[PDB]
Every structure is written in structure tokens, then in C-alpha cells.
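Asks: Before anything else, here's the structure in question.
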Amino acid sequence: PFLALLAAX
Amino acid sequence: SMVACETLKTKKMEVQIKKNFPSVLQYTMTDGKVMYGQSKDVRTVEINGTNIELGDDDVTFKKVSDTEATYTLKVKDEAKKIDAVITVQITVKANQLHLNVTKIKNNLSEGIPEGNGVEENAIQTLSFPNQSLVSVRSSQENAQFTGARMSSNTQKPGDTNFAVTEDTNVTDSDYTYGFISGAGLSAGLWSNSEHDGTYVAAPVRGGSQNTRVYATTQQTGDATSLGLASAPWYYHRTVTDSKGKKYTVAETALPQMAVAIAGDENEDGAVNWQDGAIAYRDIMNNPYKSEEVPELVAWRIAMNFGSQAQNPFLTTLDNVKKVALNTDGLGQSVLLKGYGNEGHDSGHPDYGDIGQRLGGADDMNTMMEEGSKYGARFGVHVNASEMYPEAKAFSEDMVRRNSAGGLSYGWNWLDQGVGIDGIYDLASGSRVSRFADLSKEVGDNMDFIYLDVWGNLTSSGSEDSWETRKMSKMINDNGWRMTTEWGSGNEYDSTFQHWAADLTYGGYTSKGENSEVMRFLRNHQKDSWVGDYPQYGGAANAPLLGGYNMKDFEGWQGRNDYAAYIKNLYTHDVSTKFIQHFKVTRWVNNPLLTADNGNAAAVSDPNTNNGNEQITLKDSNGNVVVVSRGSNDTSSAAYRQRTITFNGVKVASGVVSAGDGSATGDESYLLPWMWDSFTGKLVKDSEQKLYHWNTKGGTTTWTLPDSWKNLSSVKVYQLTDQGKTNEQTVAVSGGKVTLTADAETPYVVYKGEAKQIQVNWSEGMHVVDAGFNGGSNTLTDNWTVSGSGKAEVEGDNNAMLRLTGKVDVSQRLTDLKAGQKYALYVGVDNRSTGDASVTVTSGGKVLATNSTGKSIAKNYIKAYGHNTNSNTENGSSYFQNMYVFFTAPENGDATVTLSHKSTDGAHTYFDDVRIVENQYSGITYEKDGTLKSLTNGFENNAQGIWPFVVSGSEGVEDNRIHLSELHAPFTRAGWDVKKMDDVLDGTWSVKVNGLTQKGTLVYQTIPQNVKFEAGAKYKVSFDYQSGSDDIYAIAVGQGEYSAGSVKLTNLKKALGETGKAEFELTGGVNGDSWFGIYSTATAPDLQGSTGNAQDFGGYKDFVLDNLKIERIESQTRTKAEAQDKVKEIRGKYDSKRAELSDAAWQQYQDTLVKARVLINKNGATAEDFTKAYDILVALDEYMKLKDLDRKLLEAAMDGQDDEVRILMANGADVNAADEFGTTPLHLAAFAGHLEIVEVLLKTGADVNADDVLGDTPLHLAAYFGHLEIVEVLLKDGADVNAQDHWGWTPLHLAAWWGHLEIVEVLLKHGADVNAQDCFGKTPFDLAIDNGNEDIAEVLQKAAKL
Ligand SMILES: [Cl-]
Ligand SMILES: [Cl-]
Ligand SMILES: [Cl-]
Ligand SMILES: [Cl-]
Ligand SMILES: [Mn+2]
Ligand SMILES: [Mn+2]
Ligand SMILES: [Mn+2]
Ligand SMILES: [Mn+2]
């Protein structure tokens, strides 16, 4: 979990 | 005999002088006009600040002739310890009067004791208070004063212009220049006074404040008289160095002063300072060699830095010939920054140490001698304010110390700089002896000295005009023109200021001299003015006289754009230099001068140019140039419109392209270039030429100069880096020509057919056209091409040789010394999988050869012409030097060949073939030509840190890595606060300065330098010194550096005592293995040192010496052992396909398939089986460490605390990362595993590690909101204001994800509340979109503080 897939949510 | 006055006479005037004091009563010109001198009985002499009034018995007079009188003045004051005899000479010639102090006798002294000892009772200063050598009165018609003071601020004029009225009241009001006018006469006062005083604006000292004229009012009957006197002169000044030691230093020159009386010299019907200024040029000091300044059209810097030899002297000579072709032979001025020692900011202040890696004094002299035939002048950058321990001049006496007795530290970059004691350096005779060392090397070949930083108070708190005058004198005495850094510095002797000529530096307050008086007087003598740079406004908004705009293409500040350099010369510098061939005679309607800024009496005229600015200039042959401003209103488009006429004919018109790069203009010109590029004499009528430029491109019509009016045609050539091209015959009708020009393209116009300027590329370089500057034709005339492939000259900037397919490019070597050892190196960037080679042959047989496969290391050398910001291909540059070593054959028959072996379509680039004498002999080969051993003590390095190459830890930079030099005891551990030796063995070592905590490669070997054969084993060893434990590591990798794909071995501290490192390496299957030095994430141990001691101590440094690489014997293996090793490897990893990255599996398959090729080849030997086995063993240790790393990532993510401790004990890297940069610390902080976070941090995990998006562990701690983890990270050194890809700090991720107490913790630790996201979002704006009401009010209170 880096920001890319975390933002997407 | 009884009469107390005499008369001196010339054909222009009669001067009545007094017998009781060296004073003038009045000057009477031939036409009867009168100028007053000192109408009152004033007989004051000041010595050492004490005024003494002289009586009749204190003065003797003698009239030598009609043009000269001598005075002897007895100047005495017992109470003040003054007993002197001053001899004064008054002489007249034409409209000039000179007053010279020809002798000073001190009755209270025997002189300056040997070694500049203190002279007790020395006469230090002298002046004649209110001497009024010339004066004007309020009762005279148009009585006025014009004065100039130093201003480097584009918005603040240095001039004052006012009427002299009954209310005028001044007492010793000091100016650089001062002129008085009244009753039809004008005069300025010149003096050689070194007095420093009042200035308008200046960021530095260093002669900026020199004011030489004192104005004083007195009553003369019912009128107020304003008189001019010289400011005080220094005679035997007593000074103190940084240790308290005192010296008395003799005068730079004896006191001198003069006046020149003018009538209406410019014949415009008015008498003002401009008439006095024209006459003043006949008496004023002129900077040494200022007569060549109009010829210096192409100024630029050629840089060398950090032992790299980016620009050897013979390459600089080729770049001079390229600029000569492109400008049709205009004069040049090349500033060699880094000419000495290891390069720029190395070896200061050893002026005589010419860079041996650049070719030494011999190549420097060849470059200067041959360059002078192309009108190129050269000069060197020196420093007299800062020095490095390596310099032989470095001594305790040279060291500047503070009031506490500690070092006055300078800048730390390659080494720690230390201030020089400026007063000691002068008074001891040390500086002048170091300039004498340089003079022995260059003889009379060098044109100028560029003195860096002088005036910034690094050498002492003074650096005044007296020190600057002595500094300029020791330079001028060696035949060198004076140039310096600061725009305002050295008004007396400087002909160029870098911060005046390069307009981008410093901003509007720190540019060249903003003075109409100074520029009127000396525009033709200096490049020290304000040029066009409209964002600065005022003086920088389209000055009519232009002003030097300096660009570079040879590495200075990374500047490499040749086309922009040439475009800039034609845009601003050709017209600026054209204007400098004339002297200002009239200047009216200056919009910068108003009643409000002290210039109410400024020279105006509504009948000239519609009342808008106009300047008239003339040469000694009567030629007239008129420069006019379109409008004086800065809101008008015509403010930037300028017309130039030459003898009444328009030669330029329009708006220049903004000097700040902000807007292209429309200026066109057809400038007659009538002068040669040497002394600037007129060229013969037949070879007179015109330069044409058209900013927007198009067609313009012009009236040719008078001597061209009867021609029927002209020849026009387009100028390129190849010279004159595209000749056109253009008809002339009615003395006019029409020219069609491409935008921003230079053309030269001749009366008839012109010859090409002759250029022999690469003189002294042993090959013709070593830099591929000769165009496509070089591959026909100089180099011989053979093969089925393609060879071409490519690159619109720095041209290179580009090879495709199977091709050889050869050239015979010349001027070699038979039996002598040579190194030949060439820059190579190979994008092909096939080999690129350099070979030296003799009579068909090979003397030496070397090859590179695909290049693996990008070039990060900022001052180098092919660094990775210059786009060799696909937005990068992998240029690195490839060496061969050979002995020149007795037959004198040697040839170099550059080749590409493969037949594929990928490119190979070569450039800069350098053949140099070199004694390195540390390589031994096996019978097959492969490496047996490579040793290097770095004592014979042709350039750089070979066999290593600088890596990307600082990006493209003037890299803080170089060859350190021995100078004991100053370079050894134990001197001052220094704890590390710069050099481990001999005189040289490789030094890394302060590159700690980069988490990346610092330098590495590359295959073209040291080739490690696939499967072969090597023992590598070296001596080192490292400042702290685990700050630097040995790195081993294969191919282009990739984080995670290298093997690291932390090096332990060796501070002040040399350590030894040794390891083994097995060559990778692709022949691309390398080893290097890596900067870890570990913080250095500063041992309680503070300030400069943190850098000078060596705690953050790494020194390497005595490198040894040797092929070793490996245990012999049979084909069966190699085959069994394959099955063992496959059994361990073939099943882990899904558990691996797509790139990790392909790298595994690549090694496996290649090891099997070795095993199964027909005719394989035990060497092949042993190599295949060793490759598989290395692959095994790599895959085993990769698995432990991904298992540690999984254990930190899933919270398996025990698994983390045992995985790191087995071999998992605490700083392991996935394909996206996610470390175990990133995973434990996101998951909330506090104990794992603490254990990882204790083991050495990088608290500030970034992933691909710039997200740190602290950023990831805000997704769920782990409060205890945020406290731990912050405590260990996490950056509270770390910004990721979208500009979000940890504070922005906490507010966007709605976690209140994290925000409170971040705000407490110092997270700047003013910080903005990649949008217009402060931490307050993030809370509005997520309903975090309590957050918004808390940080609102903190922001108001
Ligand atoms: Cl406008
Ligand atoms: Cl325009
Ligand atoms: Cl590549
Ligand atoms: Cl070498
Ligand atoms: Mn006049
Ligand atoms: Mn080149
Ligand atoms: Mn050494
Ligand atoms: Mn050094």
C-alpha cells in the first residue's frame, strides 16, 4: 500500500 | 621680485599662480574667458589628519620655466609629531594644469625599516584642505556642479546636477568625479587619491567607494564660490594584519592631481559638465589595456573542475577557431576558470601552478600564441581572499584568524577553504611573488587577470581602494589587464566586472555602474556598465549604449548551448562593441535624471530628438554615431526603440530582444565593421565589411556607407560554425541594398568575393580535428572512413562522431616523441549492444586496443560538454572516457581508429580524441588480452578518478569528488580541527567531501575502464579513510546502477589512520560488472564538533588510494559439477516464478541460460565449467538475499515481530524495497506495528525513505492514524515537512484522511502552517473538505503568531 491504490479507495 | 604672484603660459591659456602657496588665482583662456582658482588666502596642508596653516617663511618658490614652478613647503606641528618638507610641482600644457607632490621629506624618520616594519611618525595621509584648484561662483552665468558617485542599483543614478547659488553650502563633499561650469568654461578635477567615501549603492568594498574630488563652498565677496580640491592621498600607510602585527607600506604612487579647462568643446551652444568631461579625458587615469576593450566582442568562460580536465587548453583553442568562423574573426576574451591545479576553486592561491592535466604551461602558451592570431585574448581566474590546505602558499602566516585566534573559515566544497590574511599577503610581498611565479610561466602571452570575490571582506574587514590600487598595480606591472567580479568594484583600474557583464546575477541592486558621468567618460574603456535586462527597470530598460551581455558554452554553471551563445553575441554584443569604438561627446534628455533625485540641472534639449534621450559619439577621425530613444515614457512601446546612425546614415533600428530572455524584439542592423580584431586600426578600404542581423527575419533596405555608394553589387555570406556559406551577389542601386535574412541569422557583407578564414583544426593535438568541428567534410579531408556501416558528424551543439553498423574511422598520429609513453583517451557513449573500440596501430600491427559494450553510466559532470543534461540521444548522455596506452613507435608510424563492430542500427558517439604524454603503467594483461591486474595509486591520472567515474549522488553537478593533493602538515590529520588525511600514499588520492546520507552510488568503475570477464573471479583491495562507521559502503553491481540490484558492504571508520578493504567479485554473464563507493542513509558521527569543524574534521568524508584489482584462481570444476550446480539452482528457484517480479525472473532466466551456454559449448574447457559454476554460485547468493528481503517486507507488513528479528539476523536488508520503493519501515508504519518500526529504526532503517511517489513512512502513518508511530518517526529524525509527488506534506494526508490527533502532533513538531499543497491548499483548506473543524481553528491560532 503506497498512495496510488490507497487514493483510488 | 616683490610681486607675490607669477604667470605660467601655454598657447591655450595663461595661469596666474601664487608664490606663497601652490595655488592658482585664475586661468585666462586665449579668447579672454576666465576661470577662478583660489581667490582667498588659504594655505592649509593636512598631514595625518592635522591641519597646519603655512606662513610666508614656510614656503619657497621657483619659476622653472614658462610652463613650470616648484614649491618647497615646511609643514610642522611639534605637538602632533609632524615635521615635513613637501616639494610641489605645478605644470601647464595646452588647457591642462597639473599639481604633483614630487618629494616628501620626513624629518622625524629614517624611512620604512626593512620588511615593511612600522615607521614611527610616518606621513600617512596628505591633502590641501579647500585648495579650490578650480572654482565657480553664484554670480557667474549658468554656474553649476555635476558630480558622480558609485551606484550598482539600476533604479538609483550615481549622479547629481545642481545650480551653484547663494544658498549652496558644501564642505569636503566627496565624489568619484566632479565638474564645475560657469561663465562659458567648464572643468573637472582629476586625482590619483585612494580615499574611500560616499556612495549611492554598492554591495561590496574593493575600490567601489573611491571618491577623489572634494567640493567646498566659501564666500568670495557677495557671491558663494564652490571650489574643487583633491581628496586626501595616502603616502606611507601603517596597517595591521589579522594577528595584530603592524607594517608601514610605501605609496602606490606619489600624489598627483590635475584640471583641464574647457569651453564649448562639443559646439552645442551650452557650457556644462559634458564640455569639461571631453577635456577631462586628456588628464584622467586610463585603465591599463583599456584601448583593446572595443575589440572584445566574444567574452566567455572555459571551465575545468575537480581534476576532470573538461576543457584542456588545446580544446579551448579549437573552440576559439569555431567562434572565429561564426563571427568572421571578431575579437574574443576567454576567461580560464580552473586553469590551475585541479581546476576551479582548487589550488588557490598558487597562481603559478598551471593545471598539468590540462596540458600545463606548454599547452596554455600554445593556446594563447595561436589564439592571438584569431584576435583571442586569454586570462585566468585567481583568488587572493581564500586558500586551500593543498596550496604550497598555505602557511600559518597566510591564514586569516579571528579576534579569538581561530581560523577565519571560507567555503567547504571539494576541500575546506580558509581566508587569506590580506594585509599580510600584501605587506610581506607574498602575493606579488605568487604573481611573479605565474609571470615566469606565461611570459607576455596572457592578456588579463580575473580577480574573484575581492571586496566581499573575506581577506580582511577593509579591502579598500588603497589595497585594490596596489592589487591592480602588481597585476598591471606584469602586462595584465585588470578584471574583477563585483559590478561596483575597482572603479579606478578594472576593465570588466563579471556581475556587470553577466546580467542574470545579483538582481537590480548589484549590477554595473549606473552613472551618466562615468559612462559618458569611460564607456569605450570598460565592460562595467548596465546592459539591457528589463526586469531590473531603470538603467537596465534598453540603455541606448547597450552594454555587454555575457553567455558561455564551455561548462561555466553548466552552460553548454553554443547556438544561444552566438545568437546572444549578435543580439547585444556586436552593437555594444560597435558603440565602444566612439567616445561620447553629447548626452541629452536622460529619463533616469530628475529634480527629485538630485538632478534638476541635468543636460536637456527639446530641439534634439523630440526632447527624448539622445547620445552623440565621435572617433579621432571625425566619424559620428548618434543613438536615439523613440520615447522617454516607459509606458510607450517607443521607449525600447533605438535608432543608430553612422555619419548621418541609419545602420540599426528597432527593439532589441529583451536581455533577460523574456521577449523577442524586432531590431535589424547593417553595422559597418571597419576595424581589425587586434589594435582596432582601420582595415584596408577593399576589406571593409558590414554585419547584418534581422531579429524577426524578413526583407529590409539600407543605404550603404559613403565609400560603398558607387558599387554595383556586394557579396553576402551567411555565417555558420563552418565560416562563410551561401554566397549571394546582391545588386546596389542608388547606393542602397535590399537584404533578405532568416530570423536571428548572421550575415556578413563584403564589396567583392571574400576568402574563407584559414583553420587547421586541433593544432598540437597529434590529430587533425579531434573534436569533430570540421563538419561533414572532416570525414573526407581529415579522418578516413571504411566499412559497410555509416560514420557521420552529428549534433547541432557540440559536434560528435556518430557510428552505425560496421565502420572504422582512422587518422594518422603526428608529432609523437619516439619511445615515449602516451595515453590516448576518447569520450564514448555507446547505445549499441556491439562493441565500440579505440585502437592504436603501427604498420598494420596493433599496439593497444580497448572496447566498451553498451554504456552503463550516465555523465554527471556539470562543466563537461556531454553531461546527461545535453541530450546525446534520447534525452541522456552516457559519455565516459575510454583509454588506451602505448609507446610511440621508433618508425614514427602510429594511427588511431575509432570503430563500431556490430552490424545493428544502434548508435555509438565519440568525441575529443586526446593524445597525451603519460607514465601510468599499472595494467597487466593475460595472454588472451583480458585483465590480469590493475593497480592505481592515482599519481599518473591523465584526468578524473579513473578507473572510477563520478556517479549521480548530486545529479549533474561540479561534483564534490576529485583528486586530493598532499601538502603536509596542512592536509594531514592533526592540523587545526582536521581529523582525516587528504592523501594516503604518495602525493594523490581520490577524495569524497561530505556526500553523506545520499542513499545512492557516489562513484563506480565501468567495463571500458576495468573489464571483469563473465565468471572470472577478482580480488579487489584498497587503502581508505572514512569519517564515521557505515556512512559509505563498497557497492558491487552488474549493468546500469539500479537501487536494490547492488551488493553493499558498509565500511567502518578509519579517521586519521588508514584502513584496508578487500573483497572478491565474480564477473556477471553480460561482462558489465563493476564496483564502487556508495553513500548509505547512516548519519555521520560528528563527535561533538560544531560549525565549520563538522566539515573540516573529515567526519563526512571518504578518501581512497592504492587500488588493486587482480584476477584470482578459483577452484577448478568439471562439466558435471557445473551441470549439478544448474539442477541445484533450478530446484531452489524454478518454483518461485509467481513469488517473483517479472524483471527479477527475467534476470534469473538470463543468467541461467547464459551459464548453460558456457557449459554446453562444443570444445568447452575447465575454465568455462569453472566460470559457469562461479556464475551460478553468485546467482545463488543473490536470489537468496532477494528472498530474505521480500520475506522481511512481508513480516513488517503482517506484524510478525519475531520473524523480522530472525530475517535480519540471517541476511535481510533493513533498507529492502519493492519495485516501487516501499521499505519495511514504510510497511510497519502504515500497519501500526510500533515494535517492528522501533526494531527497524534500531537496525538502521532510513526514516526518510521515499517511494516512487515521494511518500515517506511518516506519510503512510496517516492513512490509519497511528499516533505512537508518528511520535517514534519524528523522534528518530523524520522530516515533518516532507513533500511527495502531489505536494502533500504529512499534515495534508492527515487532514484529507480525517485524523485529528495526528495533525496536533505534526503541528507541535514544527510543520510550517504556511506550506501549500500542489494546488492552493494550506492545512486549513484540507480540513474544510473533510469536516475537520477542530483542526482548522487550532492551526489558525498558530498561523497568527
Ligand atoms: Cl507597451
Ligand atoms: Cl516587438
Ligand atoms: Cl543505453
Ligand atoms: Cl591513466
Ligand atoms: Mn557644450
Ligand atoms: Mn566535439
Ligand atoms: Mn596515491
Ligand atoms: Mn583538493
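Every chain in the C-alpha cells has a letter given in the order shown (A, B, ...), and although residue numbers restart at 1 in each chain, ligands are simply numbered from 1 in the order shown.
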Select residues of chain B: the criterion is any atom within 10 Å of an atom of chain A, counting only C-alpha atoms; output as a list in words.
Replies: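 Going by the stated atoms only, the list reads residues 1197, 1220, 1221, 1222, 1226, 1227, 1230, 1231, 1251, 1252, 1253, 1254, 1255, 1256, 1257, 1259, 1260, 1263, 1284, 1285, 1293 and 1297 of chain B.
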Asks: Any residue with an atom at most 10 Å from ligand 3 counts, using only C-alpha atoms and all ligand atoms. Which are they? Put them as a ChimeraX atom specification.
Replies: /B:829-833,853-858,873-874,876-878,906-907,1040
Asks: List all protein, DNA and RNA residues that have any atom at most 6 Å from ligand 6, counting only C-alpha atoms and all ligand atoms, and write the list as number ranges by chain.
Replies: B: 771-773, 798-800, 911
Asks: Which residues are near ligand 8 - at most 6 Å, using only C-alpha atoms and all ligand atoms? Format: as a ChimeraX atom specification.
Replies: /B:346,414-415,964-965
Asks: How would the residues just chosen look if you wrote them out with C-alpha atoms as a CSV table (one decimal), in the first residue's frame?
Replies:
```csv
chain,number,residue,atom,x,y,z
B,346,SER,CA,41.3,24.2,-6.3
B,414,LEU,CA,36.0,19.9,-2.6
B,415,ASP,CA,38.1,21.0,0.4
B,964,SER,CA,43.2,15.3,-3.3
B,965,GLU,CA,46.8,16.6,-3.1
```
Asks: Let me have all residues with an atom within 7 Å of ligand 2, counting only C-alpha atoms and all ligand atoms, laid out as an NGL selection string.
Replies: :B and (655 or 664-666)
Asks: So that I have them on file, write out the residues from the current selection with C-alpha atoms, as a compact mmCIF listing (two decimals), in the first residue's frame.
Replies:
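Contents of result.txt, freshly written:
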```
# COMPACT_ATOMS: atom_id res chain seq x y z
CA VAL B 655 13.73 47.00 -30.26
CA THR B 664 11.99 38.70 -28.74
CA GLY B 665 12.35 42.10 -30.42
CA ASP B 666 12.43 43.45 -33.95
```
Asks: Do you know which residues are within 12 Å of ligand 7 using only C-alpha atoms and all ligand atoms? Can you write them as a ChimeraX atom specification?
Replies: /B:935-941,945,963-966,981-991,1022-1024,1103-1108
Asks: Could you dump the residues just selected with N, CA and C atoms as a CSV table (one decimal), in the first residue's frame?
Replies:
```csv
chain,number,residue,atom,x,y,z
B,935,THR,N,46.5,-1.9,-11.0
B,935,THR,CA,46.8,-1.1,-9.8
B,935,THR,C,46.8,0.4,-10.1
B,936,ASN,N,46.4,1.2,-9.1
B,936,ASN,CA,46.4,2.6,-9.3
B,936,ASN,C,46.6,3.3,-8.0
B,937,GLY,N,47.7,4.1,-7.9
B,937,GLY,CA,47.9,5.0,-6.8
B,937,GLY,C,47.5,6.4,-7.0
B,938,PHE,N,46.9,6.7,-8.2
B,938,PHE,CA,46.3,7.9,-8.7
B,938,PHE,C,47.4,9.0,-8.9
B,939,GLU,N,48.6,8.6,-9.0
B,939,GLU,CA,49.8,9.5,-9.2
B,939,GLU,C,50.0,9.9,-10.7
B,940,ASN,N,49.4,9.2,-11.6
B,940,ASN,CA,49.6,9.5,-13.1
B,940,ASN,C,48.3,9.5,-13.8
B,941,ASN,N,47.2,10.0,-13.2
B,941,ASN,CA,45.9,10.1,-13.8
B,941,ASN,C,45.9,11.3,-14.8
B,945,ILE,N,38.9,10.4,-12.0
B,945,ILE,CA,39.2,9.5,-11.0
B,945,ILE,C,39.3,8.1,-11.5
B,963,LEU,N,40.7,14.5,-7.2
B,963,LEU,CA,42.0,14.0,-6.7
B,963,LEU,C,42.6,15.0,-5.7
B,964,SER,N,42.7,14.5,-4.4
B,964,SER,CA,43.2,15.3,-3.3
B,964,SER,C,44.7,15.4,-3.4
B,965,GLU,N,45.4,16.5,-3.0
B,965,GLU,CA,46.8,16.6,-3.1
B,965,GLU,C,47.5,16.8,-1.8
B,966,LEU,N,48.7,16.3,-1.6
B,966,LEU,CA,49.5,16.4,-0.4
B,966,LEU,C,50.2,17.7,-0.2
B,981,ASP,N,43.3,12.4,6.8
B,981,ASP,CA,44.4,12.7,5.9
B,981,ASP,C,43.7,12.9,4.5
B,982,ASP,N,44.1,13.9,3.8
B,982,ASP,CA,43.6,14.0,2.4
B,982,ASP,C,44.2,13.0,1.5
B,983,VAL,N,45.5,12.6,1.7
B,983,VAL,CA,46.2,11.7,0.9
B,983,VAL,C,46.8,10.5,1.7
B,984,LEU,N,46.6,9.3,1.2
B,984,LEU,CA,47.0,8.1,2.0
B,984,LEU,C,48.4,7.6,1.6
B,985,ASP,N,48.7,7.7,0.3
B,985,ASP,CA,50.0,7.3,-0.2
B,985,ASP,C,50.5,8.2,-1.3
B,986,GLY,N,51.8,8.5,-1.4
B,986,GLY,CA,52.3,9.4,-2.4
B,986,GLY,C,51.8,10.8,-2.3
B,987,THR,N,51.5,11.5,-3.4
B,987,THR,CA,51.0,12.8,-3.4
B,987,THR,C,49.5,13.0,-3.7
B,988,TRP,N,48.9,11.9,-4.3
B,988,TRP,CA,47.5,12.0,-4.7
B,988,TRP,C,46.6,10.9,-4.2
B,989,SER,N,45.3,11.1,-4.0
B,989,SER,CA,44.3,10.1,-3.6
B,989,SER,C,43.0,10.5,-4.2
B,990,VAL,N,41.9,9.7,-4.1
B,990,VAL,CA,40.6,10.0,-4.6
B,990,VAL,C,39.8,10.5,-3.3
B,991,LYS,N,39.3,11.7,-3.3
B,991,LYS,CA,38.6,12.3,-2.1
B,991,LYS,C,37.2,12.6,-2.4
B,1022,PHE,N,41.9,-1.9,-1.5
B,1022,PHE,CA,42.3,-0.5,-1.4
B,1022,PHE,C,42.5,0.0,0.0
B,1023,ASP,N,43.3,1.1,0.1
B,1023,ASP,CA,43.5,1.8,1.3
B,1023,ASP,C,42.4,2.8,1.4
B,1024,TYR,N,41.9,3.1,2.6
B,1024,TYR,CA,40.9,4.1,2.7
B,1024,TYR,C,40.9,4.8,4.1
B,1103,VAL,N,38.3,8.9,1.7
B,1103,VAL,CA,39.4,9.0,0.8
B,1103,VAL,C,39.9,7.6,0.5
B,1104,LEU,N,40.1,7.3,-0.8
B,1104,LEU,CA,40.6,6.0,-1.3
B,1104,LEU,C,41.9,6.1,-2.0
B,1105,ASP,N,42.8,5.2,-1.8
B,1105,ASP,CA,44.1,5.2,-2.5
B,1105,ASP,C,44.6,3.7,-2.7
B,1106,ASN,N,45.7,3.5,-3.5
B,1106,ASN,CA,46.3,2.3,-3.8
B,1106,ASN,C,45.3,1.1,-4.1
B,1107,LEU,N,44.5,1.3,-5.2
B,1107,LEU,CA,43.6,0.4,-5.6
B,1107,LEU,C,44.3,-0.8,-6.3
B,1108,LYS,N,43.9,-2.0,-6.0
B,1108,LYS,CA,44.5,-3.2,-6.6
B,1108,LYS,C,43.4,-4.2,-7.0
```
Asks: Go through chain B and flag each residue having an atom no more than 6 Å from ligand 5; for those, report the closest pair of atoms plus their distance in Å to one decimal, using only C-alpha atoms and all ligand atoms, ordered by chain and rising number, as JSON lines.
Replies:
```
{"residue": "B:264", "atom": "CA", "partner": "ligand 5", "partner_atom_place_in_ligand_line": "1 (Mn)", "distance": 4.2}
{"residue": "B:265", "atom": "CA", "partner": "ligand 5", "partner_atom_place_in_ligand_line": "1 (Mn)", "distance": 5.6}
{"residue": "B:266", "atom": "CA", "partner": "ligand 5", "partner_atom_place_in_ligand_line": "1 (Mn)", "distance": 4.8}
{"residue": "B:267", "atom": "CA", "partner": "ligand 5", "partner_atom_place_in_ligand_line": "1 (Mn)", "distance": 5.3}
{"residue": "B:268", "atom": "CA", "partner": "ligand 5", "partner_atom_place_in_ligand_line": "1 (Mn)", "distance": 4.8}
{"residue": "B:269", "atom": "CA", "partner": "ligand 5", "partner_atom_place_in_ligand_line": "1 (Mn)", "distance": 5.7}
{"residue": "B:270", "atom": "CA", "partner": "ligand 5", "partner_atom_place_in_ligand_line": "1 (Mn)", "distance": 4.3}
{"residue": "B:271", "atom": "CA", "partner": "ligand 5", "partner_atom_place_in_ligand_line": "1 (Mn)", "distance": 4.5}
{"residue": "B:275", "atom": "CA", "partner": "ligand 5", "partner_atom_place_in_ligand_line": "1 (Mn)", "distance": 5.1}
```
Asks: Quick one: write out the picked residues with C-alpha atoms as a JSON list (two decimals), in the first residue's frame?
Replies:
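Heads up, here's the output in part30.json:
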```json
[["chain", "number", "residue", "atom", "x", "y", "z"],
["B", 264, "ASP", "CA", 32.07, 74.71, -25.57],
["B", 265, "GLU", "CA", 34.01, 71.52, -26.64],
["B", 266, "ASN", "CA", 31.00, 69.73, -28.22],
["B", 267, "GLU", "CA", 29.88, 73.01, -30.01],
["B", 268, "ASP", "CA", 26.23, 72.75, -28.94],
["B", 269, "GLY", "CA", 25.80, 76.35, -27.66],
["B", 270, "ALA", "CA", 25.85, 75.40, -23.97],
["B", 271, "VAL", "CA", 28.68, 75.07, -21.43],
["B", 275, "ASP", "CA", 32.40, 70.00, -22.21]]
```
Asks: Please identify all polymer residues within 9 Å of stretch 1185-1190 of chain B, counting only C-alpha atoms, omitting same-chain residues fewer than 3 positions from it, and present them as a list in words.
Replies: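 My list of contacting residues is residues 1044, 1140, 1180, 1181, 1182, 1193, 1194, 1195, 1207, 1208, 1210, 1211, 1212, 1213, 1214, 1215, 1216, 1217, 1218 and 1224 of chain B.
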Asks: Mind checking which residues fall within 9 Å of residue B:301, counting only C-alpha atoms, ignoring those fewer than 6 positions away in the same chain, and posting them as a list in words?
Replies: residues 333, 334, 335, 336, 337, 551, 552, 553, 554, 555 and 556 of chain B
Asks: Selected residues, N, CA and C atoms, written as a PDB file, in the first residue's frame, please.
Replies:
```pdb
ATOM      1  N   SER B 333      37.572  37.207 -25.785  1.00  0.00           N
ATOM      2  CA  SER B 333      38.198  37.329 -24.477  1.00  0.00           C
ATOM      3  C   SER B 333      37.775  36.109 -23.664  1.00  0.00           C
ATOM      4  N   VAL B 334      38.673  35.122 -23.558  1.00  0.00           N
ATOM      5  CA  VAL B 334      38.397  33.848 -22.906  1.00  0.00           C
ATOM      6  C   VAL B 334      38.955  33.786 -21.496  1.00  0.00           C
ATOM      7  N   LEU B 335      38.054  33.726 -20.512  1.00  0.00           N
ATOM      8  CA  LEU B 335      38.373  33.660 -19.088  1.00  0.00           C
ATOM      9  C   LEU B 335      38.533  32.167 -18.692  1.00  0.00           C
ATOM     10  N   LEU B 336      39.762  31.752 -18.346  1.00  0.00           N
ATOM     11  CA  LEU B 336      40.066  30.368 -17.969  1.00  0.00           C
ATOM     12  C   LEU B 336      39.802  30.159 -16.476  1.00  0.00           C
ATOM     13  N   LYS B 337      38.636  29.652 -16.152  1.00  0.00           N
ATOM     14  CA  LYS B 337      38.244  29.429 -14.767  1.00  0.00           C
ATOM     15  C   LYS B 337      38.598  27.981 -14.458  1.00  0.00           C
ATOM     16  N   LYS B 551      27.266  35.366 -22.146  1.00  0.00           N
ATOM     17  CA  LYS B 551      26.815  33.993 -22.062  1.00  0.00           C
ATOM     18  C   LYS B 551      28.065  33.108 -22.225  1.00  0.00           C
ATOM     19  N   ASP B 552      27.923  31.800 -22.005  1.00  0.00           N
ATOM     20  CA  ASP B 552      29.052  30.867 -22.106  1.00  0.00           C
ATOM     21  C   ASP B 552      28.581  29.556 -22.721  1.00  0.00           C
ATOM     22  N   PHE B 553      29.519  28.758 -23.234  1.00  0.00           N
ATOM     23  CA  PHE B 553      29.172  27.423 -23.729  1.00  0.00           C
ATOM     24  C   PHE B 553      30.207  26.371 -23.315  1.00  0.00           C
ATOM     25  N   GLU B 554      31.211  26.727 -22.489  1.00  0.00           N
ATOM     26  CA  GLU B 554      32.238  25.797 -22.095  1.00  0.00           C
ATOM     27  C   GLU B 554      32.207  25.434 -20.607  1.00  0.00           C
ATOM     28  N   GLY B 555      31.017  25.132 -20.101  1.00  0.00           N
ATOM     29  CA  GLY B 555      30.866  24.499 -18.807  1.00  0.00           C
ATOM     30  C   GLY B 555      30.598  25.322 -17.581  1.00  0.00           C
ATOM     31  N   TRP B 556      30.817  26.643 -17.646  1.00  0.00           N
ATOM     32  CA  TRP B 556      30.589  27.534 -16.512  1.00  0.00           C
ATOM     33  C   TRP B 556      29.120  27.494 -16.111  1.00  0.00           C
TER      34      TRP B 556
END
```
Asks: Dump the neighbourhood of ligand 4 as a list in words: all residues within 8 Å, distances computed on only C-alpha atoms and all ligand atoms.
Replies: residues 823, 883, 918, 920, 940, 941, 942, 943, 946 and 947 of chain B
Asks: Which of these residues is nearest to ligand 1, using only C-alpha atoms and all ligand atoms: B:233, B:639, B:198, B:297?
Replies: B:639
Asks: Contacts of residue B:949 at 12 Å or less, counting only C-alpha atoms, minus same-chain residues fewer than 2 places along, as a PyMOL selection string?
Replies: chain B and resi 307-308+856-861+878-882+943-947+951-952+959+961-962+990+1001-1010+1074-1077
Asks: What does the list of residues within 8 Å of ligand 1 look like if you count only C-alpha atoms and all ligand atoms, written as a PyMOL selection string?
Replies: chain B and resi 634-637
